[PDB]
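Colleague: I'd like to ask you about the structure that follows.
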Amino acid sequence: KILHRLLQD
Amino acid sequence: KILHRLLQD
Amino acid sequence: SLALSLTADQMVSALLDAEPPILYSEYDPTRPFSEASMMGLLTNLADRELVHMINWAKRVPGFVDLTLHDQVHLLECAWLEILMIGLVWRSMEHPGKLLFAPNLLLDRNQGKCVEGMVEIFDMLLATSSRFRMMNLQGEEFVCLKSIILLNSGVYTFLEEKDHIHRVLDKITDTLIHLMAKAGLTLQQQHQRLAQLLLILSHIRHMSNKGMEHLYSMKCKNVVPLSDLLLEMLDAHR
Amino acid sequence: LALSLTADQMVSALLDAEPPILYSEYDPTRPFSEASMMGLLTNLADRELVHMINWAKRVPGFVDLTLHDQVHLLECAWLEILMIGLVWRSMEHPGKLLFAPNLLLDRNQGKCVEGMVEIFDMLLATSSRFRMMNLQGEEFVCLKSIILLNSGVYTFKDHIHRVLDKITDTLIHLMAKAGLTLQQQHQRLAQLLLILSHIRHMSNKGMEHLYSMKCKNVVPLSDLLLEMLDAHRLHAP
Ligand SMILES: CC1=CC[C@H]2C[C@@H]1[C@H](c1ccc(O)cc1)OC2(C)C
Ligand SMILES: CC1=CC[C@H]2C[C@@H]1[C@H](c1ccc(O)cc1)OC2(C)C
């Protein structure tokens, strides 16, 4: 889930 | 349309 | 005019008096539910509620001053929002239950009888929960309800709109007045006022979602909706 | 930390969090098509999404939420937040929508996509409401923050409500220091938040529209938009 990663990154 | 009738009444 | 000419607590009284009644469904409680019986019951009710709310809109300050065509528009946009916050209001003291009618009290688990309906129940329950957290009062509620009628159609309509905004402001004054004499601090009045009006945003969402569910159910031809329902429904697309 | 920020420190922190204004890849000497327009503005929305995530975690009290909360909040509000940006950007260009400094679309150019012109209309009506109301950059960043924290909060949060109360204080702070009297303060604050209800409405219309463009597949959407899109439930006959 791209969102999750853009948010953790 | 039934709304118009009810309204003007 | 005369809507501009009410006192704060003359506004509240007029609205309290304008309230429509609470209707019963034709629910035979000895019979369990199916999808078609559900919808049927719930659409039959909304249809009968539609007549009262119209005769209620005529008794909300300023509304009757608006042209017939502008009145139609406001109603076509808000009817289900108005139905919804009423539902939410009746259910406030029935945690986990939706009081569609005193004889039709729906558990969230029963919402599953109708396909897709369960999400809508969860939102409606949460809103009712929110009202409870906040301990929403009858005087404010009737103010909120009127706001929905005057606010939902307005930005898609000629300074007929200016008059609508004046009454909107008069209804704000009214709400502040209520909280002021409820003993709220100046800051606590702003916050509450914002908390209430922010909820209308979620109520708009529920109605959009709900609207689509209804359109879905008709396309599916699961239950035949009244001819008022099908008009209010087609106004949206 | 968000809670112990002065109103002033709140406004500044938000103004500095502002995402930049992005550009279209649009090349002006090429003609438009339902496909090319939808391509240009989903391309634009998709790059804007990346900057919104960033801005989100620079909104006081947002990094303080569980990552799943963060996700839910953004899945719910993403289109409203692009829309309020759009509407604010198009303020000084009445009759037109500044999607990008080199993508100024007028009313007629919405016909290029079927089902787009009515959302165009709602959108123009909103920025027009903003301009008429003469919304200030500082007030705008508060509104945007409110949508992020408010839209999803009821479909799960004291922390979120306390932050939401802090942003409300700040809005008033701004009005109180702009010269507005006490009733003028609470009226403007009502008119502001009542507009958020319309933005929620346009968001649901535009989301159904987007899913429609996927369904008749006039353009391949990005992986992120599809995720955004799929956090909502929809259909298209
Ligand atoms: C008959 C309906 C069908 C679909 C929508 C709108 C109403 C129904 C409703 C809502 C409030 C009310 O007072 C009566 C019916 O709610 C749902 C099921 C969500
Ligand atoms: C590409 C889109 C298609 C349908 C919806 C959502 C976005 C588009 C949009 C809005 C703001 C923005 O910054 C980027 C795209 O707005 C409309 C056209 C209303």
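Numbers run from 1 along the shown chain.
Any Cβ shown, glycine's included, is placed from N, Cα and C.
Pulled the feature table from Swiss-Prot, pasting it below:
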type	residues	note
BINDING	D:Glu48, D:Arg89, D:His209	17beta-estradiol binding site
LIPID	D:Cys142	S-palmitoyl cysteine
Colleague: A 10 Å Cβ contact count, applied to the binding-site residues D:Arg89, D:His209: which residue has the minimum?
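Modeller: Minimum Cβ neighbour count within 10 Å, taken over the binding-site residues D:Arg89, D:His209, occurs at D:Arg89.
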Colleague: Which whole number of Å separates the Cα atoms at either end of the 10-residue gap, D:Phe156 and D:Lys157?
Modeller: 8
Colleague: Whole-number answer please: how many Å between the C-alpha atoms of D:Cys142 (S-palmitoyl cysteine) and D:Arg89 (17beta-estradiol binding site)?
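Modeller: With the alpha carbons as reference points, the distance is 15 Å.
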Colleague: Taking the Cβ of D:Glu48 (17beta-estradiol binding site) as the centre, count every other Cβ atom within 10 Å, in any protein chain shown.
Modeller: 21
